[PDB]
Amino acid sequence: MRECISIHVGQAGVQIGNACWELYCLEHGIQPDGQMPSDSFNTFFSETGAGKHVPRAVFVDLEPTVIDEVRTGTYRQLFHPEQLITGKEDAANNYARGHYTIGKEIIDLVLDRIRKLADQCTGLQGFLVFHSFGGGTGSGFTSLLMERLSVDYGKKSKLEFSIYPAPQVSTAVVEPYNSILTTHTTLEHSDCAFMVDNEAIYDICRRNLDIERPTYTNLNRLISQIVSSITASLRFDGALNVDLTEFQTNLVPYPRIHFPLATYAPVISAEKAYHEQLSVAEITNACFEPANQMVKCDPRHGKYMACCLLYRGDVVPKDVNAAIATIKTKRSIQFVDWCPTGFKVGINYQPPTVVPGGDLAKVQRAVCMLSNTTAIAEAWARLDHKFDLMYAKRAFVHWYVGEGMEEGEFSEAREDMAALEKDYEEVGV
């Protein structure tokens, strides 16, 4: 058994962290008090003499209001007080403030509390980092944390769960700056990053769940399902993606191109009284629909470098192969010339767990497709354009420079993103 430490940074990371661990507890049969009347799950949960199952997680925010909801919440007994770290004042949507100014005053405390968790590990695999691109803390502090983690734990793999900003879901005007700034700094320290576009989850919640104006709870519960499908292989016995290393090996050919696209199916409204259960072929076909992707883009106009299929539920290997073989002769799936046109398949026999009273209906079978497509570069292009619009006038720059950051960092970060777009283009045809 090899352990995994989850790190939740800023409001987005913390709130999503809440949704994930709520789900993890439901899947493993762990009550909020920590007791488990019923190993692979020990990778995410430590055990006390009392039989309490404690999440191997760290919550960090530069202001206390978000984490305070955890300290007083349903799962207040689940986490050790040390795991919940809060500062006085936040980064004010300022990357520089979160990274340089405030980050310096709390980084040592965070690393020390993380060290506590690392000493409880017989063989730490690495870290799972949850954060937003837009927040001053989510962008600024995360990148600093990732840098220090690479120093203190060089040999440990680091995975990211990033929240891509969207105007439909409460963004600030400066969030394109923070997104580029954090991607640049974190790029060399992240082995594999799963971007989650708030616009895509917003639309999935409106389309499939019939929620006119989705809340953070609606969004996070949907995100948690995807995150759970990604980490299920680490928490259950699963011959595929058994360790953090396999994620890079199976999905990341080139170090810089470490942004796999996630696609989930099926998403059924719980209010839908009458619904027939979808077959293995039907949910597999839904993996190739842009509407079911976590990031808004067109894989039809890109090339695949890797593809992995993560099934959960009543899924027989026979039906999976029959579906894959059929899909290849009907769909337009273009792989890169230098890569094997194939699929890595993983099956978890326990069906997806859903939050009681949630918006998501219980299904017999579901699948999460992780595909490294050059089409995800569309998200970088959209983000880089917004950066260019503001940076051309040097709008809002004075705020970052005021925090100790140099003007050069902006251009340095943008040039790195420009190189990243070029890399995706070269890798196509």
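The first residue of the shown sequence is 1; numbering continues from there. The term rigid core refers to the maximal set of C-alpha atoms that superpose within 1.5 Å between the two forms.
Visitor: Do the Cα atoms of 332-340 or those of 157-165 sit farther, on average, from the shown form in 6 other deposited structures of this protein after fitting on the core?
Guide: It is 332-340 that deviates more in 6 other deposited structures of this protein.
Visitor: Return whichever of 118-126 or 273-281 has the larger RMS Cα deviation from the displayed form in 6 other deposited structures of this protein, where every structure is aligned on the rigid core.
Guide: With the rigid core superposed, the C-alphas that lie farther in 6 other deposited structures of this protein are those of 273-281.
Visitor: With respect to the deposited sequence, how many residues separating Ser38 from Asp39 are not represented by coordinates: none, 1 to 3, 4 to 9, or 10 or more?
Guide: Going from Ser38 to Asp39, the model skips 4 to 9 residues of the deposited sequence.
Visitor: Out of 320-328 and 153-161, which one has CA B-factors that are higher on average in the deposited record?
Guide: On average, C-alpha B-factors are higher across 320-328.
Visitor: If you take the mean CA temperature factor per stretch, which one wins between 395-403 and 358-366?
Guide: The stretch with the larger mean CA B-factor is 358-366.
Visitor: Would you mind checking which of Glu276, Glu199, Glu175, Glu188 has the top Cα temperature factor in the PDB entry?
Guide: In this record, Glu276 carries the highest C-alpha B-factor of the candidates.
Visitor: Out of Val60, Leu389, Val54, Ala377, which residue has the highest Cα temperature factor in the PDB record?
Guide: Largest recorded C-alpha B-factor: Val54.
Visitor: Looking at the C-alpha B-factor of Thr142, is it in the lowest, middle or highest third of its chain?
Guide: Tercile = lowest for this residue's CA B-factor.
Visitor: Determine, from the deposited record, the chain-internal third of the Cα B-factor for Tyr95: lowest, middle or highest.
Guide: Within its chain, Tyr95 is a lowest-third residue by C-alpha B-factor, going by the deposited values.
Visitor: Could you tell me which third, lowest, middle or highest, the C-alpha B-factor of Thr231 occupies within its chain?
Guide: For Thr231, the deposited C-alpha B-factor lands in the lowest third.
Visitor: Please place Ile107 in the lowest, middle or highest third of its chain by C-alpha B factor as given in the entry.
Guide: For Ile107, the deposited C-alpha B-factor lands in the highest third.
Visitor: Classify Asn42 as lowest, middle or highest third according to the C-alpha B-factor given in the PDB entry, relative to its own chain.
Guide: Its C-alpha B-factor belongs to the middle third of this chain's values.
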